[PDB]
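**Q** Following this message is one structure expressed as structure tokens.
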Amino acid sequence: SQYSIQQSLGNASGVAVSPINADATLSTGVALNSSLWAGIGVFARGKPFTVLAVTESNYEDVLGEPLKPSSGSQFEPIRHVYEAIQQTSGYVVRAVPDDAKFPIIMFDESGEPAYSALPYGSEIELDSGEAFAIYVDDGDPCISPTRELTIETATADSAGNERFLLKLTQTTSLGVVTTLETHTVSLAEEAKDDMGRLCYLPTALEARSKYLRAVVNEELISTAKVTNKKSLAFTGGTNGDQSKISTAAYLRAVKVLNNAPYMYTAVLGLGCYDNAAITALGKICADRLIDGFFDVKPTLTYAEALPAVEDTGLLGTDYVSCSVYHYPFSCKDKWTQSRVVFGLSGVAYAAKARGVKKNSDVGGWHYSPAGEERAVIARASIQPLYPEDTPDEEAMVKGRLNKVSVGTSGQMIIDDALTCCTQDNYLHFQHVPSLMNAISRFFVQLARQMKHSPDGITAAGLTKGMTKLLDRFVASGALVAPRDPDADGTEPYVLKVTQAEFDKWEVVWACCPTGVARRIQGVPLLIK
Amino acid sequence: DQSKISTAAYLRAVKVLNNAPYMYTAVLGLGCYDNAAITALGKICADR
């Protein structure tokens, strides 16, 4: 019609405006100064084999209350999570034993309920007389506190379908009874609630409720009717024995964590001392170009610590960014007030996060996770496990094992930044791989955004983006002038974007990383 | 019954709005949660 604006204007009278170009102002949003930690573990409450999300204000309820050290070896990951959350949120994966079962309540045409329990990861087959089944997907075995489900009759909708109110409430062993969630659902395939949302039972429970799930029987759903049932009771749920877990469960959990569609920059090995799982997490590091902080069993003597590092499998050249720790000390627990021992992965990641939060523009990735201002260990009544033994500093450094010490003022600190790389070059320090991986991740983002463009745009865009990013790093202070300014020039970074064939755009950037200050030597002199 | 309306009616209404001989600088999607209608209104934006 009129007031319309064309864009082509080919060989005919008229006026047209071309669409806005906006190609010389292409930025990239990656937000490099952000770090999240991902880990697997064994907990009390949570959905098994499904990626979770833990923040500083919900971990207690999403992951359940902390376990008890006297129960067994399952008390480690909760403490690791508590020590690592202090800085940033993260993602966890809960792995359960084989015989863990969740409760199920199955109804019928008349409405008389029946109870059962089914192992995790299995769907439900409905009997002939069963109309619909409701089960709990929070992961809690519904043993303490108990959980009760109530059905109440409600007013029918405008169309005429009957909608009933579902109320699930938790009751503690002491006697405290509080409501937990409520809904208005119906068995009709098209009925709607008062607010207009869909009220069909399966989809409604799946979408708007994070505690329950339901299934229905298509044949019997037409004639199904529900009565008024008050104060039902889930039963049969059982978390099983969590002391022992087959390596298959850990492998499945780490595979799920691999396939998780999220972003994280640390693969913390939360209290999982299994060689296969540690190797898989190292593979995750190598694949995603991130950092890992694993730790050997913190109950081995200094003599057996060295062969265990070779055993755990990351010693080689593929995993150049994974650090291995060892903390053979005792401590007094924060919650249960007992004598417990656990690892150092959480504190190592806390040190790394404190380092990465220093710079604000691009984030400081060049700070090593050690020292007395960024890696202090906060515990209670640290009592050494083997006071009669002594470290093996030279052997530890040759075997790539970071060691704890006592810094100034008497608080224990981490005093090494050595990775699992065996080659004796710049790559075995901790900060260099992290900085290079940050650059590589930014490059991947930029090139993915800029793929499939003509060479004229591509060359200029790539050069501009890389020059800007590396200038930001140099201004931050992570790159310095080369050590020998005679052969390899005098610039911190050298960038070269070239074409190899019709489409092989090749970018080569060489950077000079900063030098950590690990060994300091003073030589006093006297002047005649 | 104004509860349910076929997408044909919404398409006809948005076509009439497109062909309207007036001047406006905002194409507010007043409480119409239909994918086809929203796409048509986006077309109106991109055109005018």
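Chains D and X are the protein sequences, given in the same order. If you count the first sequence from 1, position 350 lands on 351 in the UniProt record's numbering, and the numbers rise without skipping. If you count the second sequence from 1, position 47 lands on 288 in the UniProt record's numbering, and the numbers rise without skipping. In this text, a Cβ means the ideal position worked out from N, Cα and C, and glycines have one as well.
Quick check: what's the CA-CA separation for residue 141/D versus residue 48/D?
**A** Computed Cα separation, rounded: 8 Å.
**Q** Indicate the three-state DSSP secondary structure (helix, strand or coil) for residue 236/D in the structure shown.
**A** Residue 236/D falls in the coil class under three-state DSSP.
**Q** Relative to the alpha-carbon of residue 406/D, which residue among 399/D, 400/D, 394/D has its alpha-carbon at the smallest distance?
**A** Of the listed residues, the one whose Cα sits closest to residue 406/D is 394/D.
**Q** Kindly list the residues whose CB is nearer than 6 Å to the CB of residue 352/D, restricted to its own chain and excluding five residues on each side of it in sequence; keep chain order.
**A** Only 370, 375, 376 meet the Cβ criterion.
**Q** Return the chain-ordered ranges of every alpha helix (DSSP H) run that is complete within the segment 303-353 of chain D and spans a minimum of 4 residues.
**A** Runs found: 303-312.
**Q** Anything in the segment 450-464 of chain D with a Cβ closer than 8 Å to a Cβ of chain X? List those residues in chain order, please.
**A** From the segment 450-464 of chain D, no residue has a Cβ closer than 8 Å to chain X.
**Q** On the CB-based measure, 16 or more other CB atoms within 10 Å of its CB, does residue 409/D come out buried or exposed?
**A** Exposed, because fewer than 16 other Cβ atoms sit within 10 Å of the Cβ of residue 409/D.
**Q** I'd like to know if residue 253/X contacts chain D, where contact means its C-beta is closer than 8 Å to some C-beta of that chain.
**A** It does not; no Cβ of chain D falls within 8 Å.
**Q** If residue 212/D sits next to residue 169/D, beta carbons under 8 Å apart, how far is it from one beta carbon to the other, in whole angstroms?
**A** Right, their Cβ atoms sit about 6 Å apart.
**Q** Bridge partners for residue 91/D per DSSP, in chain order?
**A** Answer is 38/D, 55/D.
**Q** Mark residue 173/D as exposed unless 16 or more other C-beta atoms lie within 10 angstroms of its C-beta, in which case mark it buried.
**A** The residue in question, residue 173/D, is exposed, as its Cβ has fewer than 16 Cβ neighbours within 10 Å.
**Q** How long is the line joining the alpha carbons of residue 256/D and residue 248/D, rounded to whole angstroms?
**A** Taking the straight line joining both Cα atoms gives about 12 Å.
**Q** Among all the DSSP beta bridges, which residues are the ones paired with residue 171/D?
**A** Answer is 148/D, 179/D.
**Q** Looking at the C-beta of residue 242/X, does it have a partner C-beta in chain D at a distance below 8 Å?
**A** Not closer than 8 Å to any Cβ of chain D, the Cβ of residue 242/X fails to qualify, so no.
**Q** List the residues of chain A that residue 275/X touches, going by C-beta distances under 7 Å, in chain order.
**A** In the structure shown, chain A cannot be found, because the protein chains are D and X.
**Q** So residue 6/D contacts chain X; which residues on that side make the cut at Cβ distance below 9 Å?
**A** Ordered by position in chain X, the residues that pass the 9 Å Cβ test against residue 6/D are 288, 289.
**Q** According to DSSP, is residue 137/D helix, strand or coil?
**A** Strand at residue 137/D.
**Q** List in chain order: all unbroken beta strand (DSSP E) runs of 3+ residues lying wholly within the segment 259-288 of chain D.
**A** Runs of the beta strand (DSSP E) inside the segment 259-288 of chain D: none found.
**Q** Going by DSSP, what residues sit across from residue 107/D in a beta bridge?
**A** 115/D, 134/D, per the DSSP bridge assignment.
**Q** Could you tell me the boundaries of the alpha helix (DSSP H) in which residue 433/D lies?
**A** That run of the alpha helix (DSSP H) goes 432-451.
**Q** Once you ignore the five residues that flank residue 105/D on each side, which residues in its own chain have a CB closer than 6 Å to its CB?
**A** Counting only Cβ-Cβ distances below 6 Å, and skipping sequence neighbours, we find 117, 119, 134, 136.
**Q** Does the beta-carbon distance from residue 259/X to residue 285/X come in below 8 Å?
**A** Cβ atoms of residue 259/X and residue 285/X: closer than 8 Å.
**Q** Along chain X, in chain order, which residues have C-beta atoms closer than 7 Å to that of residue 446/D?
**A** Simply none; closest approach about 28 Å.
**Q** Going by DSSP in three states, residue 70/D sits in which element: helix, strand or coil?
**A** Helix.
**Q** Nearest chain X C-beta to residue 338/D closer than 8 Å, yes or no?
**A** Not one chain X Cβ lies under 8 Å of residue 338/D.
**Q** Would the segment 355-374 of chain D and the segment 270-285 of chain D be scored as touching if the rule is three or more Cβ pairs under 8 Å?
**A** Contact between the segment 355-374 of chain D and the segment 270-285 of chain D is absent, because fewer than three Cβ pairs lie under 8 Å.
**Q** Would you identify the three-state DSSP class for residue 296/D, choosing helix, strand or coil?
**A** Strand.
**Q** Relative to the C-alpha of residue 444/D, which residue among 100/D, 305/D, 31/D is closest?
**A** If we check each option's Cα against that of residue 444/D, 31/D comes out closest.
**Q** Taking 7 Å as the limit between beta carbons, can you name the residues of its chain near residue 86/D, skipping five residues before and five after?
**A** Result list for residue 86/D: 55, 57, 60, in chain order.
**Q** Under a CB-based cut-off of 8 Å, is residue 19/D close to chain X?
**A** Answer no: the Cβ-Cβ gap between residue 19/D and chain X never drops below 8 Å.
**Q** In the DSSP assignment, the beta strand (DSSP E) including residue 405/D goes from what residue to what residue?
**A** It spans 405-407 - the beta strand (DSSP E) in which residue 405/D sits, taken as one unbroken run.
**Q** Using a C-beta cutoff of 8 Å, does residue 187/D count as contacting chain X?
**A** So, not an interface residue.
**Q** Measuring only the C-alpha atoms, how far is residue 458/D from residue 450/D?
**A** Looking at the two C-alpha atoms, the distance is approximately 13 Å.
**Q** First and last residue of the beta strand (DSSP E) that includes residue 499/D?
**A** First-last of the beta strand (DSSP E) with residue 499/D: 494-499.
**Q** According to DSSP, is residue 86/D part of a helix, a strand, or is it coil?
**A** Three-state result, residue 86/D: helix.
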